[PDB]
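Source file data.pdb; content: PDB, N, CA and C atoms.
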```pdb
MODEL        1
ATOM      1  N   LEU A 922      58.402 -41.462   2.143
ATOM      2  CA  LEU A 922      58.236 -40.204   2.861
ATOM      3  C   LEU A 922      57.688 -39.115   1.950
ATOM      4  N   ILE A 923      58.156 -39.061   0.699
ATOM      5  CA  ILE A 923      57.642 -38.065  -0.238
ATOM      6  C   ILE A 923      56.171 -38.310  -0.539
ATOM      7  N   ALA A 924      55.799 -39.572  -0.748
ATOM      8  CA  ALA A 924      54.404 -39.906  -1.011
ATOM      9  C   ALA A 924      53.516 -39.577   0.180
ATOM     10  N   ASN A 925      53.981 -39.881   1.393
ATOM     11  CA  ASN A 925      53.191 -39.581   2.581
ATOM     12  C   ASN A 925      53.045 -38.083   2.794
ATOM     13  N   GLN A 926      54.110 -37.319   2.548
ATOM     14  CA  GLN A 926      54.029 -35.869   2.681
ATOM     15  C   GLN A 926      53.072 -35.270   1.659
ATOM     16  N   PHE A 927      53.107 -35.763   0.418
ATOM     17  CA  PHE A 927      52.188 -35.255  -0.597
ATOM     18  C   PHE A 927      50.741 -35.611  -0.287
ATOM     19  N   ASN A 928      50.503 -36.831   0.193
ATOM     20  CA  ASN A 928      49.148 -37.230   0.552
ATOM     21  C   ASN A 928      48.623 -36.413   1.726
ATOM     22  N   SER A 929      49.477 -36.167   2.721
ATOM     23  CA  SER A 929      49.088 -35.342   3.858
ATOM     24  C   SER A 929      48.822 -33.901   3.451
ATOM     25  N   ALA A 930      49.626 -33.351   2.540
ATOM     26  CA  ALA A 930      49.388 -31.987   2.078
ATOM     27  C   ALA A 930      48.069 -31.872   1.324
ATOM     28  N   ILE A 931      47.755 -32.859   0.484
ATOM     29  CA  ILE A 931      46.475 -32.846  -0.225
ATOM     30  C   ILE A 931      45.314 -32.942   0.763
ATOM     31  N   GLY A 932      45.456 -33.795   1.781
ATOM     32  CA  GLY A 932      44.424 -33.895   2.804
ATOM     33  C   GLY A 932      44.252 -32.609   3.589
ATOM     34  N   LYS A 933      45.358 -31.930   3.885
ATOM     35  CA  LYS A 933      45.293 -30.660   4.599
ATOM     36  C   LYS A 933      44.620 -29.592   3.752
ATOM     37  N   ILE A 934      44.860 -29.592   2.440
ATOM     38  CA  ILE A 934      44.158 -28.644   1.575
ATOM     39  C   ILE A 934      42.666 -28.931   1.583
ATOM     40  N   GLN A 935      42.287 -30.207   1.538
ATOM     41  CA  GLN A 935      40.862 -30.519   1.555
ATOM     42  C   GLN A 935      40.216 -30.107   2.876
ATOM     43  N   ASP A 936      40.921 -30.291   3.996
ATOM     44  CA  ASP A 936      40.371 -29.873   5.286
ATOM     45  C   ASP A 936      40.326 -28.351   5.428
ATOM     46  N   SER A 937      41.349 -27.646   4.937
ATOM     47  CA  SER A 937      41.384 -26.191   5.050
ATOM     48  C   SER A 937      40.355 -25.536   4.145
ATOM     49  N   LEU A 938      40.101 -26.132   2.988
ATOM     50  CA  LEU A 938      39.126 -25.657   2.023
ATOM     51  C   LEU A 938      37.740 -26.212   2.295
ATOM     52  N   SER A 939      37.450 -26.592   3.537
ATOM     53  CA  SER A 939      36.127 -27.102   3.879
ATOM     54  C   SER A 939      35.618 -26.520   5.192
ATOM     55  N   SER A 940      36.164 -25.384   5.616
ATOM     56  CA  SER A 940      35.786 -24.730   6.857
ATOM     57  C   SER A 940      34.757 -23.629   6.631
ATOM     58  N   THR A 941      34.198 -23.539   5.418
ATOM     59  CA  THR A 941      33.184 -22.557   5.038
ATOM     60  C   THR A 941      33.535 -21.071   5.017
ATOM     61  N   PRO A 942      34.811 -20.734   5.181
ATOM     62  CA  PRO A 942      35.306 -19.382   5.027
ATOM     63  C   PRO A 942      36.815 -19.439   4.604
ATOM     64  N   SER A 943      37.010 -20.167   3.506
ATOM     65  CA  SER A 943      38.342 -20.451   3.000
ATOM     66  C   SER A 943      38.613 -19.234   2.117
ATOM     67  N   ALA A 944      39.762 -19.259   1.441
ATOM     68  CA  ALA A 944      40.219 -18.137   0.623
ATOM     69  C   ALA A 944      39.582 -18.189  -0.767
ATOM     70  N   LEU A 945      38.277 -17.912  -0.805
ATOM     71  CA  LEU A 945      37.554 -17.799  -2.068
ATOM     72  C   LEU A 945      36.981 -16.398  -2.238
ATOM     73  N   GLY A 946      37.538 -15.429  -1.511
ATOM     74  CA  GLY A 946      37.035 -14.075  -1.597
ATOM     75  C   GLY A 946      37.308 -13.442  -2.940
ATOM     76  N   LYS A 947      38.445 -13.769  -3.557
ATOM     77  CA  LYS A 947      38.758 -13.160  -4.842
ATOM     78  C   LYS A 947      37.770 -13.601  -5.909
ATOM     79  N   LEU A 948      37.277 -14.837  -5.813
ATOM     80  CA  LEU A 948      36.256 -15.294  -6.743
ATOM     81  C   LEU A 948      34.888 -14.727  -6.392
ATOM     82  N   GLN A 949      34.590 -14.578  -5.098
ATOM     83  CA  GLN A 949      33.270 -14.082  -4.721
ATOM     84  C   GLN A 949      33.123 -12.587  -4.984
ATOM     85  N   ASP A 950      34.223 -11.835  -4.934
ATOM     86  CA  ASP A 950      34.144 -10.394  -5.139
ATOM     87  C   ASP A 950      33.711 -10.037  -6.552
ATOM     88  N   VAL A 951      34.095 -10.837  -7.546
ATOM     89  CA  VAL A 951      33.709 -10.537  -8.923
ATOM     90  C   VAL A 951      32.198 -10.644  -9.094
ATOM     91  N   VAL A 952      31.614 -11.746  -8.617
ATOM     92  CA  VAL A 952      30.171 -11.924  -8.722
ATOM     93  C   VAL A 952      29.439 -10.883  -7.883
ATOM     94  N   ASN A 953      29.951 -10.587  -6.686
ATOM     95  CA  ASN A 953      29.297  -9.601  -5.835
ATOM     96  C   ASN A 953      29.317  -8.214  -6.464
ATOM     97  N   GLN A 954      30.436  -7.826  -7.080
ATOM     98  CA  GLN A 954      30.501  -6.508  -7.698
ATOM     99  C   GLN A 954      29.657  -6.423  -8.964
ATOM    100  N   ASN A 955      29.574  -7.508  -9.740
ATOM    101  CA  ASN A 955      28.676  -7.498 -10.892
ATOM    102  C   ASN A 955      27.217  -7.381 -10.465
ATOM    103  N   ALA A 956      26.824  -8.119  -9.422
ATOM    104  CA  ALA A 956      25.458  -8.017  -8.920
ATOM    105  C   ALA A 956      25.170  -6.636  -8.347
ATOM    106  N   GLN A 957      26.143  -6.040  -7.657
ATOM    107  CA  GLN A 957      25.953  -4.693  -7.128
ATOM    108  C   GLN A 957      25.781  -3.674  -8.244
ATOM    109  N   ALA A 958      26.570  -3.793  -9.312
ATOM    110  CA  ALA A 958      26.428  -2.871 -10.434
ATOM    111  C   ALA A 958      25.072  -3.016 -11.115
ATOM    112  N   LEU A 959      24.619  -4.255 -11.323
ATOM    113  CA  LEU A 959      23.308  -4.467 -11.933
ATOM    114  C   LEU A 959      22.183  -3.911 -11.058
ATOM    115  N   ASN A 960      22.258  -4.156  -9.747
ATOM    116  CA  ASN A 960      21.219  -3.683  -8.840
ATOM    117  C   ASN A 960      21.221  -2.166  -8.755
ATOM    118  N   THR A 961      22.399  -1.556  -8.834
ATOM    119  CA  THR A 961      22.492  -0.104  -8.798
ATOM    120  C   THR A 961      21.940   0.509 -10.077
ATOM    121  N   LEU A 962      22.163  -0.143 -11.220
ATOM    122  CA  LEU A 962      21.549   0.333 -12.457
ATOM    123  C   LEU A 962      20.026   0.290 -12.362
ATOM    124  N   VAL A 963      19.480  -0.763 -11.754
ATOM    125  CA  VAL A 963      18.030  -0.837 -11.549
ATOM    126  C   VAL A 963      17.551   0.279 -10.611
ATOM    127  N   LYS A 964      18.253   0.455  -9.489
ATOM    128  CA  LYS A 964      17.857   1.434  -8.483
ATOM    129  C   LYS A 964      17.983   2.861  -8.996
ATOM    130  N   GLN A 965      18.857   3.097  -9.969
ATOM    131  CA  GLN A 965      18.930   4.406 -10.595
ATOM    132  C   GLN A 965      18.008   4.518 -11.792
ATOM    133  N   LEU A 966      17.455   3.403 -12.258
ATOM    134  CA  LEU A 966      16.295   3.518 -13.128
ATOM    135  C   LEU A 966      15.092   3.978 -12.323
ATOM    136  N   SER A 967      15.086   3.689 -11.020
ATOM    137  CA  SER A 967      13.984   4.140 -10.170
ATOM    138  C   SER A 967      13.907   5.658  -9.959
ATOM    139  N   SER A 968      14.987   6.413 -10.173
ATOM    140  CA  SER A 968      14.959   7.848  -9.886
ATOM    141  C   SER A 968      14.191   8.643 -10.941
ATOM    142  N   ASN A 969      13.708   9.830 -10.544
ATOM    143  CA  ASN A 969      12.958  10.665 -11.477
ATOM    144  C   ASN A 969      13.823  11.666 -12.235
ATOM    145  N   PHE A 970      15.077  11.863 -11.826
ATOM    146  CA  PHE A 970      16.027  12.713 -12.550
ATOM    147  C   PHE A 970      15.545  14.153 -12.721
TER     148      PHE A 970
ATOM    149  N   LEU B 533     -12.569  -8.302 -17.885
ATOM    150  CA  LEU B 533     -11.159  -8.558 -17.597
ATOM    151  C   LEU B 533     -10.694  -9.884 -18.215
ATOM    152  N   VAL B 534      -9.620  -9.813 -19.017
ATOM    153  CA  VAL B 534      -8.951 -10.928 -19.713
ATOM    154  C   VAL B 534      -7.568 -11.203 -19.129
ATOM    155  N   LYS B 535      -7.472 -12.202 -18.260
ATOM    156  CA  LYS B 535      -6.225 -12.557 -17.599
ATOM    157  C   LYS B 535      -5.411 -13.512 -18.469
ATOM    158  N   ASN B 536      -4.135 -13.668 -18.102
ATOM    159  CA  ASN B 536      -3.187 -14.507 -18.840
ATOM    160  C   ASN B 536      -3.029 -14.060 -20.294
ATOM    161  N   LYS B 537      -3.060 -12.746 -20.525
ATOM    162  CA  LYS B 537      -2.816 -12.229 -21.865
ATOM    163  C   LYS B 537      -2.274 -10.804 -21.800
ATOM    164  N   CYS B 538      -1.490 -10.464 -22.823
ATOM    165  CA  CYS B 538      -0.867  -9.151 -22.973
ATOM    166  C   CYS B 538      -1.892  -8.094 -23.374
ATOM    167  N   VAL B 539      -1.977  -7.010 -22.598
ATOM    168  CA  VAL B 539      -2.999  -5.994 -22.832
ATOM    169  C   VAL B 539      -2.552  -4.654 -22.273
ATOM    170  N   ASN B 540      -2.967  -3.583 -22.952
ATOM    171  CA  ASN B 540      -2.759  -2.222 -22.487
ATOM    172  C   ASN B 540      -3.780  -1.880 -21.409
ATOM    173  N   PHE B 541      -3.319  -1.451 -20.241
ATOM    174  CA  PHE B 541      -4.242  -1.165 -19.156
ATOM    175  C   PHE B 541      -4.231   0.323 -18.831
ATOM    176  N   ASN B 542      -5.356   0.817 -18.320
ATOM    177  CA  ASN B 542      -5.499   2.208 -17.895
ATOM    178  C   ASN B 542      -6.161   2.253 -16.531
ATOM    179  N   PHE B 543      -5.659   1.437 -15.613
ATOM    180  CA  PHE B 543      -6.274   1.276 -14.301
ATOM    181  C   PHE B 543      -6.076   2.546 -13.484
ATOM    182  N   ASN B 544      -7.161   3.306 -13.314
ATOM    183  CA  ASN B 544      -7.170   4.499 -12.469
ATOM    184  C   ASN B 544      -6.146   5.526 -12.946
ATOM    185  N   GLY B 545      -6.007   5.640 -14.269
ATOM    186  CA  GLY B 545      -5.085   6.573 -14.879
ATOM    187  C   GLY B 545      -3.711   6.035 -15.215
ATOM    188  N   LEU B 546      -3.386   4.802 -14.830
ATOM    189  CA  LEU B 546      -2.075   4.232 -15.122
ATOM    190  C   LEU B 546      -2.120   3.534 -16.473
ATOM    191  N   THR B 547      -1.426   4.102 -17.452
ATOM    192  CA  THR B 547      -1.388   3.589 -18.814
ATOM    193  C   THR B 547      -0.122   2.772 -19.034
ATOM    194  N   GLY B 548      -0.280   1.536 -19.497
ATOM    195  CA  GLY B 548       0.888   0.706 -19.744
ATOM    196  C   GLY B 548       0.525  -0.533 -20.528
ATOM    197  N   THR B 549       1.569  -1.208 -21.007
ATOM    198  CA  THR B 549       1.464  -2.419 -21.813
ATOM    199  C   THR B 549       2.159  -3.607 -21.159
ATOM    200  N   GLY B 550       1.429  -4.711 -21.006
ATOM    201  CA  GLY B 550       2.016  -5.916 -20.452
ATOM    202  C   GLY B 550       1.032  -7.026 -20.147
ATOM    203  N   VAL B 551       1.550  -8.248 -20.038
ATOM    204  CA  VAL B 551       0.736  -9.421 -19.739
ATOM    205  C   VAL B 551       0.534  -9.562 -18.239
ATOM    206  N   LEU B 552      -0.657 -10.003 -17.848
ATOM    207  CA  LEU B 552      -1.003 -10.152 -16.445
ATOM    208  C   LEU B 552      -1.324 -11.618 -16.183
ATOM    209  N   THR B 553      -0.915 -12.122 -15.024
ATOM    210  CA  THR B 553      -1.191 -13.501 -14.640
ATOM    211  C   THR B 553      -1.960 -13.531 -13.321
ATOM    212  N   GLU B 554      -2.118 -14.733 -12.770
ATOM    213  CA  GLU B 554      -2.801 -14.930 -11.500
ATOM    214  C   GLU B 554      -1.795 -15.286 -10.417
ATOM    215  N   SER B 555      -1.834 -14.543  -9.318
ATOM    216  CA  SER B 555      -0.969 -14.743  -8.168
ATOM    217  C   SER B 555      -1.786 -15.269  -6.999
ATOM    218  N   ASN B 556      -1.087 -15.781  -5.988
ATOM    219  CA  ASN B 556      -1.770 -16.350  -4.836
ATOM    220  C   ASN B 556      -1.368 -15.635  -3.553
ATOM    221  N   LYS B 557      -0.581 -14.566  -3.661
ATOM    222  CA  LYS B 557      -0.188 -13.770  -2.511
ATOM    223  C   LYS B 557      -1.365 -12.910  -2.055
ATOM    224  N   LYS B 558      -1.351 -12.522  -0.784
ATOM    225  CA  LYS B 558      -2.447 -11.746  -0.217
ATOM    226  C   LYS B 558      -1.974 -10.334   0.105
ATOM    227  N   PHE B 559      -2.673  -9.346  -0.446
ATOM    228  CA  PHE B 559      -2.426  -7.934  -0.195
ATOM    229  C   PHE B 559      -3.217  -7.465   1.020
ATOM    230  N   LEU B 560      -2.779  -6.349   1.589
ATOM    231  CA  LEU B 560      -3.563  -5.710   2.625
ATOM    232  C   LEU B 560      -4.785  -4.999   2.032
ATOM    233  N   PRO B 561      -5.825  -4.798   2.848
ATOM    234  CA  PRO B 561      -7.047  -4.112   2.382
ATOM    235  C   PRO B 561      -6.880  -2.675   1.902
ATOM    236  N   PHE B 562      -5.900  -1.941   2.413
ATOM    237  CA  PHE B 562      -5.686  -0.538   2.075
ATOM    238  C   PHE B 562      -4.727  -0.307   0.913
ATOM    239  N   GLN B 563      -4.313  -1.345   0.192
ATOM    240  CA  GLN B 563      -3.381  -1.168  -0.912
ATOM    241  C   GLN B 563      -4.054  -1.365  -2.257
ATOM    242  N   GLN B 564      -3.853  -0.393  -3.151
ATOM    243  CA  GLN B 564      -4.424  -0.455  -4.485
ATOM    244  C   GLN B 564      -3.335  -0.569  -5.543
ATOM    245  N   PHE B 565      -2.396   0.370  -5.583
ATOM    246  CA  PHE B 565      -1.313   0.283  -6.545
ATOM    247  C   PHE B 565      -0.172  -0.527  -5.940
ATOM    248  N   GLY B 566       0.720  -1.013  -6.795
ATOM    249  CA  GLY B 566       1.789  -1.844  -6.278
ATOM    250  C   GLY B 566       3.100  -1.646  -7.007
ATOM    251  N   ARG B 567       4.141  -1.152  -6.342
ATOM    252  CA  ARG B 567       5.462  -1.066  -6.964
ATOM    253  C   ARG B 567       6.443  -1.920  -6.171
ATOM    254  N   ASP B 568       6.505  -3.214  -6.494
ATOM    255  CA  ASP B 568       7.281  -4.140  -5.677
ATOM    256  C   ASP B 568       8.746  -3.724  -5.613
ATOM    257  N   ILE B 569       9.329  -3.381  -6.764
ATOM    258  CA  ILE B 569      10.712  -2.921  -6.823
ATOM    259  C   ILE B 569      10.923  -2.206  -8.154
ATOM    260  N   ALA B 570      11.994  -1.410  -8.230
ATOM    261  CA  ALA B 570      12.467  -0.780  -9.467
ATOM    262  C   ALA B 570      11.438   0.151 -10.104
ATOM    263  N   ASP B 571      10.687   0.878  -9.275
ATOM    264  CA  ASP B 571       9.838   1.978  -9.739
ATOM    265  C   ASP B 571       8.958   1.548 -10.912
ATOM    266  N   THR B 572       8.309   0.398 -10.760
ATOM    267  CA  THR B 572       7.351  -0.062 -11.751
ATOM    268  C   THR B 572       6.187  -0.727 -11.039
ATOM    269  N   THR B 573       5.027  -0.669 -11.683
ATOM    270  CA  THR B 573       3.767  -1.132 -11.109
ATOM    271  C   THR B 573       3.597  -2.637 -11.260
ATOM    272  N   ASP B 574       4.121  -3.386 -10.288
ATOM    273  CA  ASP B 574       3.959  -4.835 -10.317
ATOM    274  C   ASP B 574       2.488  -5.212 -10.174
ATOM    275  N   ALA B 575       1.771  -4.532  -9.282
ATOM    276  CA  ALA B 575       0.401  -4.876  -8.942
ATOM    277  C   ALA B 575      -0.464  -3.624  -9.031
ATOM    278  N   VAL B 576      -1.768  -3.836  -9.206
ATOM    279  CA  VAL B 576      -2.750  -2.758  -9.169
ATOM    280  C   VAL B 576      -4.104  -3.387  -8.895
ATOM    281  N   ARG B 577      -4.963  -2.671  -8.166
ATOM    282  CA  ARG B 577      -6.284  -3.216  -7.893
ATOM    283  C   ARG B 577      -7.303  -2.822  -8.945
ATOM    284  N   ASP B 578      -7.978  -3.821  -9.471
ATOM    285  CA  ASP B 578      -9.058  -3.618 -10.413
ATOM    286  C   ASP B 578     -10.219  -3.007  -9.638
ATOM    287  N   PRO B 579     -10.734  -1.845 -10.030
ATOM    288  CA  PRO B 579     -11.825  -1.248  -9.250
ATOM    289  C   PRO B 579     -13.101  -2.069  -9.258
ATOM    290  N   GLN B 580     -13.309  -2.931 -10.252
ATOM    291  CA  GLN B 580     -14.572  -3.651 -10.329
ATOM    292  C   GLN B 580     -14.611  -4.942  -9.507
TER     293      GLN B 580
ENDMDL
END
```
What's the structure tokens form of this structure?
Amino acid sequence: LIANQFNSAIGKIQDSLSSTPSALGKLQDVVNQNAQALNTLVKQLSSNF
Amino acid sequence: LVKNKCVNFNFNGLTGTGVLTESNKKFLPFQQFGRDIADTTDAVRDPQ
């Protein structure tokens, strides 16, 4: 029973982490904020000041 | 005109330093200067 429960839990994690909108927002926010900061630095290089 | 090499250009008053290559994109007939992004001259039309 313990082995079956562990195997089922691992399978459920694989199914839940394969719906294309799983809980990976904390990892995506870091890359998104770094890209936003870089793009904003470029866009403020565009200004004439 | 010497393409595929780094050169200072003064195209129609625009002074700058950089290498130019050959592109295959098509511009509109009414466009001469080109600032694709970030307030810099990506493209410019050679008057000749």
### Message
Report, in Å to a single decimal, how far apart atom CA of residue B:570 and atom CA of residue A:961 are.
### Response
10.1 Å
What are the nearest atom pairs, with distances in Å to one decimal, for all residues of chain B that come at most 8 Å from chain A, using all atoms listed in the file, set out by chain and rising residue number as JSON lines?
```
{"residue": "B:569", "atom": "C", "partner": "A:967", "partner_atom": "CA", "distance": 7.3}
{"residue": "B:570", "atom": "C", "partner": "A:967", "partner_atom": "CA", "distance": 4.7}
{"residue": "B:571", "atom": "CA", "partner": "A:967", "partner_atom": "CA", "distance": 4.7}
{"residue": "B:572", "atom": "N", "partner": "A:967", "partner_atom": "CA", "distance": 6.8}
```
### Message
Quick check for you: according to DSSP on this backbone, which residues of chain B are classed as strand (DSSP E)? Reply as a list in words.
### Response
residues 537, 538, 539, 540, 541, 542, 543, 546, 547, 548, 549, 550, 551, 552, 565, 566, 575 and 576 of chain B
Serialized selection, N, CA and C atoms, as a short mmCIF file (atom, residue, chain, number, x, y, z; two decimals), in the frame of the given file:
```cif
data_model
loop_
_atom_site.label_atom_id
_atom_site.label_comp_id
_atom_site.auth_asym_id
_atom_site.auth_seq_id
_atom_site.Cartn_x
_atom_site.Cartn_y
_atom_site.Cartn_z
N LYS B 537 -3.06 -12.75 -20.52
CA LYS B 537 -2.82 -12.23 -21.86
C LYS B 537 -2.27 -10.80 -21.80
N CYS B 538 -1.49 -10.46 -22.82
CA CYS B 538 -0.87 -9.15 -22.97
C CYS B 538 -1.89 -8.09 -23.37
N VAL B 539 -1.98 -7.01 -22.60
CA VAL B 539 -3.00 -5.99 -22.83
C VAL B 539 -2.55 -4.65 -22.27
N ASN B 540 -2.97 -3.58 -22.95
CA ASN B 540 -2.76 -2.22 -22.49
C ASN B 540 -3.78 -1.88 -21.41
N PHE B 541 -3.32 -1.45 -20.24
CA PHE B 541 -4.24 -1.16 -19.16
C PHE B 541 -4.23 0.32 -18.83
N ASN B 542 -5.36 0.82 -18.32
CA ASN B 542 -5.50 2.21 -17.90
C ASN B 542 -6.16 2.25 -16.53
N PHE B 543 -5.66 1.44 -15.61
CA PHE B 543 -6.27 1.28 -14.30
C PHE B 543 -6.08 2.55 -13.48
N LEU B 546 -3.39 4.80 -14.83
CA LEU B 546 -2.08 4.23 -15.12
C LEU B 546 -2.12 3.53 -16.47
N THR B 547 -1.43 4.10 -17.45
CA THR B 547 -1.39 3.59 -18.81
C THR B 547 -0.12 2.77 -19.03
N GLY B 548 -0.28 1.54 -19.50
CA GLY B 548 0.89 0.71 -19.74
C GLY B 548 0.52 -0.53 -20.53
N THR B 549 1.57 -1.21 -21.01
CA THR B 549 1.46 -2.42 -21.81
C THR B 549 2.16 -3.61 -21.16
N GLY B 550 1.43 -4.71 -21.01
CA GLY B 550 2.02 -5.92 -20.45
C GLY B 550 1.03 -7.03 -20.15
N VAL B 551 1.55 -8.25 -20.04
CA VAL B 551 0.74 -9.42 -19.74
C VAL B 551 0.53 -9.56 -18.24
N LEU B 552 -0.66 -10.00 -17.85
CA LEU B 552 -1.00 -10.15 -16.44
C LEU B 552 -1.32 -11.62 -16.18
N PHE B 565 -2.40 0.37 -5.58
CA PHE B 565 -1.31 0.28 -6.54
C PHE B 565 -0.17 -0.53 -5.94
N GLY B 566 0.72 -1.01 -6.80
CA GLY B 566 1.79 -1.84 -6.28
C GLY B 566 3.10 -1.65 -7.01
N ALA B 575 1.77 -4.53 -9.28
CA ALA B 575 0.40 -4.88 -8.94
C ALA B 575 -0.46 -3.62 -9.03
N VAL B 576 -1.77 -3.84 -9.21
CA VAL B 576 -2.75 -2.76 -9.17
C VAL B 576 -4.10 -3.39 -8.90
#
```
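The space between atom C of residue A:927 and atom N of residue A:939 spans 16.5 Å.
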Please enumerate the residues selected by the PyMOL selection byres ((chain B and resi 544) around 8) when evaluated against the supplied file, formatted as an mmCIF file with N, CA and C atoms, keeping the file's coordinate frame.
```cif
data_model
loop_
_atom_site.group_PDB
_atom_site.id
_atom_site.type_symbol
_atom_site.label_atom_id
_atom_site.label_comp_id
_atom_site.auth_asym_id
_atom_site.auth_seq_id
_atom_site.Cartn_x
_atom_site.Cartn_y
_atom_site.Cartn_z
ATOM 1 N N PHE B 541 -3.319 -1.451 -20.241
ATOM 2 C CA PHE B 541 -4.242 -1.165 -19.156
ATOM 3 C C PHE B 541 -4.231 0.323 -18.831
ATOM 4 N N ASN B 542 -5.356 0.817 -18.320
ATOM 5 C CA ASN B 542 -5.499 2.208 -17.895
ATOM 6 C C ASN B 542 -6.161 2.253 -16.531
ATOM 7 N N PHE B 543 -5.659 1.437 -15.613
ATOM 8 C CA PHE B 543 -6.274 1.276 -14.301
ATOM 9 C C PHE B 543 -6.076 2.546 -13.484
ATOM 10 N N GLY B 545 -6.007 5.640 -14.269
ATOM 11 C CA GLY B 545 -5.085 6.573 -14.879
ATOM 12 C C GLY B 545 -3.711 6.035 -15.215
ATOM 13 N N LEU B 546 -3.386 4.802 -14.830
ATOM 14 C CA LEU B 546 -2.075 4.232 -15.122
ATOM 15 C C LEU B 546 -2.120 3.534 -16.473
ATOM 16 N N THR B 547 -1.426 4.102 -17.452
ATOM 17 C CA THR B 547 -1.388 3.589 -18.814
ATOM 18 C C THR B 547 -0.122 2.772 -19.034
ATOM 19 N N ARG B 577 -4.963 -2.671 -8.166
ATOM 20 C CA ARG B 577 -6.284 -3.216 -7.893
ATOM 21 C C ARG B 577 -7.303 -2.822 -8.945
ATOM 22 N N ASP B 578 -7.978 -3.821 -9.471
ATOM 23 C CA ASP B 578 -9.058 -3.618 -10.413
ATOM 24 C C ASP B 578 -10.219 -3.007 -9.638
ATOM 25 N N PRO B 579 -10.734 -1.845 -10.030
ATOM 26 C CA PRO B 579 -11.825 -1.248 -9.250
ATOM 27 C C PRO B 579 -13.101 -2.069 -9.258
#
```
### Message
Residues within 6 Å of residue B:540, please, as JSON, numbers by chain. Count all atoms listed in the file; anything in the same chain fewer than 3 positions from it doesn't count.
### Response
{"B": [548, 549, 550]}
### Query
Could you name the residues that touch stretch 559-565 of chain B at 7 Å or less, counting only C-alpha atoms, but leaving out those on the same chain fewer than 4 positions away, as a PyMOL selection string?
chain B and resi 573+575-577
### Message
Report, in Å to a single decimal, how far apart atom CA of residue B:557 and atom C of residue B:535 are.
### Response
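Atom CA of residue B:557 lies 16.8 Å from atom C of residue B:535.
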### Task
Please give the complete set of residues from stretch 940-970 of chain A that DSSP, run on the backbone, assigns to alpha helix (DSSP H), formatted as a ChimeraX atom specification.
/A:946-966
Around stretch 952-969 of chain A, fit a box with edges along x, y and z, padding it by 3 Å on each side, then list its centre and edge lengths in Å to one decimal as lines of an AutoDock Vina configuration file.
```
center_x = 22.3
center_y = -0.1
center_z = -9.5
size_x = 24.7
size_y = 29.6
size_z = 13.3
```
Atom completion result for stretch 954-965 of chain A (N, CA, C and O atoms) as an mmCIF file, in the coordinates of the input:
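File written: out28.cif
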```cif
data_model
loop_
_atom_site.group_PDB
_atom_site.id
_atom_site.type_symbol
_atom_site.label_atom_id
_atom_site.label_comp_id
_atom_site.auth_asym_id
_atom_site.auth_seq_id
_atom_site.Cartn_x
_atom_site.Cartn_y
_atom_site.Cartn_z
ATOM 1 N N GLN A 954 30.436 -7.826 -7.080
ATOM 2 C CA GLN A 954 30.501 -6.508 -7.698
ATOM 3 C C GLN A 954 29.657 -6.423 -8.964
ATOM 4 O O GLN A 954 29.045 -5.380 -9.225
ATOM 5 N N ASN A 955 29.574 -7.508 -9.740
ATOM 6 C CA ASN A 955 28.676 -7.498 -10.892
ATOM 7 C C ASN A 955 27.217 -7.381 -10.465
ATOM 8 O O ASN A 955 26.446 -6.608 -11.055
ATOM 9 N N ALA A 956 26.824 -8.119 -9.422
ATOM 10 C CA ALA A 956 25.458 -8.017 -8.920
ATOM 11 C C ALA A 956 25.170 -6.636 -8.347
ATOM 12 O O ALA A 956 24.075 -6.096 -8.541
ATOM 13 N N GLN A 957 26.143 -6.040 -7.657
ATOM 14 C CA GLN A 957 25.953 -4.693 -7.128
ATOM 15 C C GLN A 957 25.781 -3.674 -8.244
ATOM 16 O O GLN A 957 24.930 -2.785 -8.151
ATOM 17 N N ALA A 958 26.570 -3.793 -9.312
ATOM 18 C CA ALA A 958 26.428 -2.871 -10.434
ATOM 19 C C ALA A 958 25.072 -3.016 -11.115
ATOM 20 O O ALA A 958 24.424 -2.015 -11.447
ATOM 21 N N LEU A 959 24.619 -4.255 -11.323
ATOM 22 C CA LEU A 959 23.308 -4.467 -11.933
ATOM 23 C C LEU A 959 22.183 -3.911 -11.058
ATOM 24 O O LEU A 959 21.267 -3.231 -11.550
ATOM 25 N N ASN A 960 22.258 -4.156 -9.747
ATOM 26 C CA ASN A 960 21.219 -3.683 -8.840
ATOM 27 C C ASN A 960 21.221 -2.166 -8.755
ATOM 28 O O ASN A 960 20.163 -1.543 -8.639
ATOM 29 N N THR A 961 22.399 -1.556 -8.834
ATOM 30 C CA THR A 961 22.492 -0.104 -8.798
ATOM 31 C C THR A 961 21.940 0.509 -10.077
ATOM 32 O O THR A 961 21.308 1.569 -10.039
ATOM 33 N N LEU A 962 22.163 -0.143 -11.220
ATOM 34 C CA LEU A 962 21.549 0.333 -12.457
ATOM 35 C C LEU A 962 20.026 0.290 -12.362
ATOM 36 O O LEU A 962 19.340 1.223 -12.796
ATOM 37 N N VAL A 963 19.480 -0.763 -11.754
ATOM 38 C CA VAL A 963 18.030 -0.837 -11.549
ATOM 39 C C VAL A 963 17.551 0.279 -10.611
ATOM 40 O O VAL A 963 16.582 1.004 -10.897
ATOM 41 N N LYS A 964 18.253 0.455 -9.489
ATOM 42 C CA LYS A 964 17.857 1.434 -8.483
ATOM 43 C C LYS A 964 17.983 2.861 -8.996
ATOM 44 O O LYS A 964 17.274 3.753 -8.517
ATOM 45 N N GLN A 965 18.857 3.097 -9.969
ATOM 46 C CA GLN A 965 18.930 4.406 -10.595
ATOM 47 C C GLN A 965 18.008 4.518 -11.792
ATOM 48 O O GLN A 965 17.784 5.626 -12.283
#
```
